[PDB]
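Written below as structure tokens is the structure these notes are about.
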Amino acid sequence: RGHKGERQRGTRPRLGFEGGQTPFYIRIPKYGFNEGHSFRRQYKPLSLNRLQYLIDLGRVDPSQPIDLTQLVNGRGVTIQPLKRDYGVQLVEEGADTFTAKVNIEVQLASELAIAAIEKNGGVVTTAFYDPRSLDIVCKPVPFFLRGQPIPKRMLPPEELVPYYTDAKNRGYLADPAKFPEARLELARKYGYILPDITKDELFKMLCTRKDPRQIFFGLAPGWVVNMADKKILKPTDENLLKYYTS
Amino acid sequence: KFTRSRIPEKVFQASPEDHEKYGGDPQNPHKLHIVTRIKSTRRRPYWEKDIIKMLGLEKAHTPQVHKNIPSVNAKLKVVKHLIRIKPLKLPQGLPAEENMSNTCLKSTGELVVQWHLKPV
Amino acid sequence: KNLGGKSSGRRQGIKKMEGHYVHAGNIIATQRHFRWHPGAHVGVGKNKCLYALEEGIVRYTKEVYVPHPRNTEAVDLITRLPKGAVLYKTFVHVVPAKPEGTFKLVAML
Amino acid sequence: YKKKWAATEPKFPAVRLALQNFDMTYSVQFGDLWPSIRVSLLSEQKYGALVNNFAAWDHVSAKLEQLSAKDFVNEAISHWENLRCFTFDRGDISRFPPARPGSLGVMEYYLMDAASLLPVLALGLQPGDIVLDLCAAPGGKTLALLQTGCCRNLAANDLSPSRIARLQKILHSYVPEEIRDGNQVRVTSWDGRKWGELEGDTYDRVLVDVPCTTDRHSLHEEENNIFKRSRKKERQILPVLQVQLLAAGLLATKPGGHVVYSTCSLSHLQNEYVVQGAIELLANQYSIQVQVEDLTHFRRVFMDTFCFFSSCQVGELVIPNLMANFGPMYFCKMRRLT
RNA sequence: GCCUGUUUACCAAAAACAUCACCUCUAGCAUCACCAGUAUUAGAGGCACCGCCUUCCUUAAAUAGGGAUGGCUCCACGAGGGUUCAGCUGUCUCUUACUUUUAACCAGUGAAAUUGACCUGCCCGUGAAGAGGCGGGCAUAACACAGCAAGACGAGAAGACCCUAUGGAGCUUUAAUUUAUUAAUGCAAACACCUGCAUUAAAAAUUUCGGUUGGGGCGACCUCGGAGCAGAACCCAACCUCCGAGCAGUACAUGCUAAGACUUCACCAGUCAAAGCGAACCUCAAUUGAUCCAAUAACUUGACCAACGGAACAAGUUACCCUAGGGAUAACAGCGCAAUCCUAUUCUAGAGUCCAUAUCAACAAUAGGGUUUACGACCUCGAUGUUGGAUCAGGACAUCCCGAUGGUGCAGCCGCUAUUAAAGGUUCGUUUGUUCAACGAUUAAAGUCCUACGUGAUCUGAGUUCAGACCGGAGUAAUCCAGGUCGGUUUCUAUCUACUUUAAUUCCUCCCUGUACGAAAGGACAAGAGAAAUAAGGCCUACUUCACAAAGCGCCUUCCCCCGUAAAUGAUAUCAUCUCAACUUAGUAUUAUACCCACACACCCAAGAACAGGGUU
RNA sequence: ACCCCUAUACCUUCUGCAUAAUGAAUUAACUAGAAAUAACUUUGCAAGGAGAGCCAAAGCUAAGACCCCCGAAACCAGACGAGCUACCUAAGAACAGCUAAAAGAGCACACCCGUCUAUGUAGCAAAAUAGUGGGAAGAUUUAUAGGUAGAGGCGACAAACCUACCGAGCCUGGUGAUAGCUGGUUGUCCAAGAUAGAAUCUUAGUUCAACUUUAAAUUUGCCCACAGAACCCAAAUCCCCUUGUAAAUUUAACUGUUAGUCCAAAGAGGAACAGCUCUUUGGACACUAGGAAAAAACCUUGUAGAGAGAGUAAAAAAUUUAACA
Ligand SMILES: Nc1nc2c(ncn2[C@@H]2O[C@H](COP(=O)(O)OP(=O)(O)OP(=O)(O)O)[C@@H](O)[C@H]2O)c(=O)[nH]1
Ligand SMILES: [Mg+2]
Ligand SMILES: [Mg+2]
Ligand SMILES: [Mg+2]
Ligand SMILES: [Mg+2]
Ligand SMILES: [Mg+2]
Ligand SMILES: [Mg+2]
Ligand SMILES: [Mg+2]
Ligand SMILES: [Mg+2]
Ligand SMILES: [Mg+2]
Ligand SMILES: [Mg+2]
Ligand SMILES: [Mg+2]
Ligand SMILES: [Mg+2]
Ligand SMILES: [Mg+2]
Ligand SMILES: [Mg+2]
Ligand SMILES: [Mg+2]
Ligand SMILES: [Mg+2]
Ligand SMILES: [Mg+2]
Ligand SMILES: [Mg+2]
Ligand SMILES: [Mg+2]
Ligand SMILES: [Mg+2]
Ligand SMILES: [Mg+2]
Ligand SMILES: [Mg+2]
Ligand SMILES: [Mg+2]
Ligand SMILES: [Mg+2]
Ligand SMILES: [Mg+2]
Ligand SMILES: [Mg+2]
Ligand SMILES: [Mg+2]
Ligand SMILES: [Mg+2]
Ligand SMILES: [Mg+2]
Ligand SMILES: [Mg+2]
Ligand SMILES: [Mg+2]
Ligand SMILES: [Mg+2]
Ligand SMILES: [Mg+2]
Ligand SMILES: [Mg+2]
Ligand SMILES: [Mg+2]
Ligand SMILES: [Mg+2]
Ligand SMILES: [Mg+2]
Ligand SMILES: [Mg+2]
């Protein structure tokens, strides 16, 4: 412990104290480096390399629509809604080697990622999720054990509304009429012929898209999943039906 | 202040009297020094200590063979006051591989290539 | 009754001696007044610091000193010299090492 | 050290110490005039506006005349049988508006004590005279000299770099750079005592405004008061330094040249004994004879504006009065006969 | 100080507090004090009754004592503080005798502080600087018993005193922050009281009282820059030597960006800058200030935050003090040093009527000492105040006297000066703490020093040091003071070391002798005799205190040198020469002796603490 | 056995202690290093790890490993205390004798007090004894019960007293208060290991740097030949290929040391004093041994054991002086 003094007595000053000189961590001006950090939205990256790897190993089935639930089930991505994770963002990394035809739903998507997905004949749609709906999506089984009716998926916040209503981003709220124009623009920009998916035998699966207020593909808001006896209880009261349809 | 000492070059210019006294010929100078540390490096500057360590003279009265070349000579000049320097004499030339294991360094500075330990 | 005089040393002087390899922009020497004058490929800062304008080897030489004619005090000092006298000063030069680029085959059109 | 003392001398402000000294001395010196001098010194100081000859001197003079100030120098020259400084009438307390830069880029006028101009006027700068200001570096007299016609150069010296910087700033503000560029103005930060050795028999006109008790400033300003206890040594040795400076100026001035010794204090010791001791020291150690010029005609000419201590042996003493709060100013003119 | 009284229970009993009397201020009044009162009353306070106005003496000697609205005025009183006549007396000169207690031995009972271990010596030197333990010498069988207090920097309170702590606490304030609380008012609310909000006071509450320097002051400094110290890469302190700055001027591309580097020894901060965009075709020493926080739409701006890496806002005093520490830091002391101080030589300047050197002595030079005034901060702040005095003294000689010599401005006597000599001695009184000093009277002399400015476990506490209180002064006050004064707790049973029975000196008187010397006036040595005094050692026949004995004030005995020089003979150097030449005298220490000398129960004793010793015929 | 030679107890605090600096009589018992962050090692699994949450650009999970004891004066809250003492309330008691007469009178008992001296000083006594002394009909002394309580009381103010220690009682609790200050900090053995400074209400401390330790990475580290580093107005240093060498830099983690001494040299201050005070270069000391007498700093010498072998290092002071014509 040394010889005498505060260090041997066990009473040396607090960490960051500099013997009375204005400490380093206090003489530096305050700057908004971390302002609103707990409110900034975070999106886990999902590179096309990772997506192709998952598809190849079979942890993600491209024969069915790919959404956050499927990704989490395949363990392709880990989501932490409590840590302000708002979903998954498609990442162009691996675009040049992506050769899978998939119908993938994400929260954000880069222009290049969309281009690669569409060139390979697939469909990509950017879908918003509120924190609660996102938690339910990522871990549905615990939610079903909570014993609550499936809630409505909240609409995007005002700032995010333009993104999810813009067709160029394949927003799930965007006008479907503008989708062909955007796809043709991407094909022309990136020099690949747009494949007419309508002729594909999996066109139905590619076209399947959950309703904006819907969380799971086949389950409507308000339903209760009784896993113990493998049943689904659907409310019939007109007020409840109206609320869950709104 | 106490500092490193620069020895004037005239100190290291032997005279004919020195040649006669010490039995060395300026032409055909000896090739190798036998250097022994006869003085402690304690109470001497750290640079002299380091020079002794570099020359490998940590142990006193332990001869060490060094090249008689200007750089080694400069080091030996730096630490000349702690060492005894003598020429290495080779009456039977440098040892061959055959007799490399039978050599001995005489106190006179001669490396004998045969060491029988028997009366002459 | 004597106050002040507690200023610390400026740590000025030569930062690169002769023969040291010096990259472009490196400060060669800092001086309070012109102990060493800029040579070839050596620039001068506001505070009379010498920095290397090219990547090369530093060399210190002695050269005749002919100041700018607009430098009135130096011109007058020279005007007062005798006919045979020629002023000399210590100059620092950077002998550039690499060439400023090479021609490479890019395409065999 | 000894912490607990028996009795500590009362802590006096330097202003009150200066009042004590000035009372105990000038009361004896001036008798019944000391009350008036004391009240004048403790009252506001009357300022004069010296119009910058380099600037639009005529326009500034007209503006001051409209402000009802009259040129005391002009009226003095009227009955004397180049300077223009306007002052208000006797008894008036009006303040001159703060001086501002003119069209030419130089300040229109300088607000300075009118009495401070009398030394320069008495110096009588002839056209093209080489001039020295041994220690006068508050401004004022220096600017007046420059505005005068000493085109043969003026060497203004002081021992205080701060006052040298102040002189330089006022010169930048008032004197054109065209005038100041040549050797016409040489400002130096050297000791006047060494000036006798540095230059001898060189200047035709010399002004030695020695450091003094500056009675008014000592009474008003608390900062750097000469009468504070710490500066007791300097206060005590002041007469010797003043004698040395006047001797240096007398040595510097050319034979037959004129010098003026100026002091901003009432002290007989610091004025008349200083000049007399300088004369004696110069005539003994250096064997040079100096004759004191008669300034009585100067007194009569300028009496209408300034009140003078009639009972003065050598030189002139403008005393501050309430009707004209222009003093204090002692000035003695001395021509070096040998 | 009017007086009687009161007070720090447990260091101060007083001049301090109170006190009648006098004076100042406040209050016009009732159902719990004041008061069951009412301005001749009650409360708070000052001051102190009453009354009145406006160089000489003492001593012989004297730092003692006395006299030549407020201010005077001592009648009485006082365990108050000084001075004093006379008497008194063991206070003392100068101590003695006896009784009791204590004490020592025998018997019973039986602690305390203390203690690293001890097989526990002296001298010199050394050393964390004053050693039983180390070095060199010397000494040295073993143990008890009784005394002593020089040492164990002895034992007792993490002594006294001083300094430090971003330790306390008491007190005062024009230190900072408040007015929560009361008392007033004002505005609201209600229709004076109550409540809310303001303002002003009283009263208090919380907290602080920076740092480095300066002992004889009346403060200086704290940040930045240049120069020497620091000569030549860099770096370099100072309670070192000097000098400066807290800006100004220009310009408005003094715009934006960016490689690479420097950097005040950290960081923070501070510097330079290629290329590029866009344009044209800053200077020099320092010239300053972080974060937070304020103002601002933004750009930006804001502390002489100068204690200048900057607590957002806090001073004094403490001796009424407290705690934690410090020999890291003071004063006594020790220990270094020798500036200062003292002593001695060299030089001869000059004095000495002439004459350097009888004697004194300038400028200076060389040594020696560690007695002064300082400087240093090395031991001791985990119970040692200090100065004087008492007691006992040990030691040096640089000698005050006594002894022996040389010189002399040495006729003799007085002297002056120098060499040698430390065996012995070196007084008593007045003032005053006082060492010192002055004064009185003496002496042969009334020596200079060291010894922890010797010694305080041997004593005293008179000055000085805490608590109390006055005068003078500083301070707003609390308080303070190198000043004056009155008072003020001085413990220790001894474990260890050490120690506890070891041939005198001087003055005066006479003789020589009013002799030598001298002109006289004066006036000697040497030798001898007589008287004393002190010191040592004994004793009681007287006297005295007293009484089968112990004592002094009484009586008795006290005995040899020491060497500095003056000479004879005589060479080196045929004279001469006293000879670190041989040698001959004054010249002797090699104290001369004296004292002591027997190995062998009980009672008494002039022997004794016990033990021991002597007698018992 | 002693005699002979060698040997200056220990701990702590220090630049340095046998030190005549602290603690310790001694025996037994008890008595003092508690932990995150990030690292390192070892596993598991692995672009995933984890038994929800969390982390992830080889990570992640788990474990191992790491941070003392005693001591203040103090502050605040609530109780308890006026059987002592300060003052007061109720209702009581005492005051011989003499003198003077109606007395805050005089002398002097009881009584109260405590001036001075001596003793005592762990005592008879945590304030006493003997003598001496002040008051002793008053503002006196005193028995009984009651009252005033602590940012308070009471006080003829002495900062007096309030249950032996009041500048603010005592007890309990907050409380294991805090302490940059003192002291202490307990098995064996080996190894590396000592001071550039800056800032600081800071100089008794601490943060950074410097030094030091450990582990890891790769690559030059030291010594150093020329050449080279200013004009104004010495010793040396810097840079530095060879060469002799084997260390250096970087990365990760972390304490500790930053109140130093003397000697040689260059200086500054003092007085060309100090075992005096500062700065610089080097040495030694804080580390073994030998020598200089004893000996931290001078000289020799170091890397560690046994030997009843040997060669050496440093290492012992020198000097004696005046004739003359
Ligand atoms: N940067 C800066 N901050 C300031 C300045 N003056 C005050 N402050 C801020 O305010 C603090 C000082 O507070 P005060 O001393 O009360 O300031 P003041 O201006 O004197 O007075 P108030 O206005 O009453 O606070 C600083 O620590 C800053 O937070 C200034 O000149 N510059
Ligand atoms: Mg400790
Ligand atoms: Mg400097
Ligand atoms: Mg009285
Ligand atoms: Mg009385
Ligand atoms: Mg008492
Ligand atoms: Mg009492
Ligand atoms: Mg008493
Ligand atoms: Mg008397
Ligand atoms: Mg017994
Ligand atoms: Mg001794
Ligand atoms: Mg005994
Ligand atoms: Mg001892
Ligand atoms: Mg203590
Ligand atoms: Mg740096
Ligand atoms: Mg500071
Ligand atoms: Mg007092
Ligand atoms: Mg010291
Ligand atoms: Mg003698
Ligand atoms: Mg002494
Ligand atoms: Mg006394
Ligand atoms: Mg006194
Ligand atoms: Mg007294
Ligand atoms: Mg008394
Ligand atoms: Mg005693
Ligand atoms: Mg005794
Ligand atoms: Mg001890
Ligand atoms: Mg201690
Ligand atoms: Mg003890
Ligand atoms: Mg009672
Ligand atoms: Mg009676
Ligand atoms: Mg009575
Ligand atoms: Mg009472
Ligand atoms: Mg009092
Ligand atoms: Mg008091
Ligand atoms: Mg009590
Ligand atoms: Mg504690
Ligand atoms: Mg080791
Ligand atoms: Mg600060």
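For chain D, we keep the numbers from Swiss-Prot: what you see runs 27-107, 128-384, in order.
Determination method: electron microscopy, 2.9 Å.
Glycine is no exception: its Cβ is also placed from the backbone N, Cα and C atoms.
In Swiss-Prot this protein carries:
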{"type": "ACT_SITE", "residues": "D:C310", "note": "active site, nucleophile"}
{"type": "BINDING", "residues": "D:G185, D:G186, D:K187, D:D204, D:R209, D:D237, D:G238, D:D255", "note": "S-adenosyl-L-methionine binding site"}
{"type": "MOD_RES", "residues": "D:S206", "note": "phosphoserine"}
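Of all the binding-site residues listed here (D:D204, D:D237, D:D255), the one with the fewest other CB atoms within 10 A of its own CB is D:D237.
Cβ neighbours within 10 Å of D:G185 (S-adenosyl-L-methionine binding site), excluding its own Cβ and spanning all shown chains: 19.
Comparing the binding-site residues D:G186, D:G238 by how many other C-beta atoms lie within 10 angstroms of each C-beta, the top residue is D:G238.
The number of other CB atoms found within 10 A of the CB of D:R209 (S-adenosyl-L-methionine binding site), across every protein chain shown, is 16.
Classification of D:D255 (S-adenosyl-L-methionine binding site) by DSSP places it within a strand.
Its Cβ taken as reference, D:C310 (active site, nucleophile) is surrounded by 23 other Cβ atoms within 10 Å in the chains shown.
A distance of 17 Å separates the Cα atom of D:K187 (S-adenosyl-L-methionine binding site) from that of the residue listed as 'phosphoserine'. Checked against D:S206 (phosphoserine) by C-alpha proximity, the binding-site residues D:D237, D:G238, D:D255 yield D:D237 as the nearest. Between the CA atoms of D:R209 (S-adenosyl-L-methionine binding site) and D:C310 (active site, nucleophile) there is a gap of 16 Å. The two recorded residues D:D255 (S-adenosyl-L-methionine binding site) and the residue listed as 'active site, nucleophile' have their Cα atoms spaced 8 Å from each other. Summarising the environment of D:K187 (S-adenosyl-L-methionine binding site), the number of other Cβ atoms within 10 Å of its Cβ, over all protein chains shown, is 25. Cα-Cα distance from D:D237 (S-adenosyl-L-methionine binding site) to the residue listed as 'active site, nucleophile': 20 Å (rounded to the nearest whole number). Comparing D:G185 (S-adenosyl-L-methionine binding site) with D:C310 (active site, nucleophile), their Cα atoms are 14 Å apart once rounded. D:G186 (S-adenosyl-L-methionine binding site) sits 13 Å from D:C310 (active site, nucleophile), taking the CA atoms of both as reference points.
If you draw a 10 Å sphere around the CB of D:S206 (phosphoserine), it holds 14 other CB atoms from the protein chains shown. On the backbone, the CA of D:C310 (active site, nucleophile) and the CA of D:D204 (S-adenosyl-L-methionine binding site) stand 16 Å apart.
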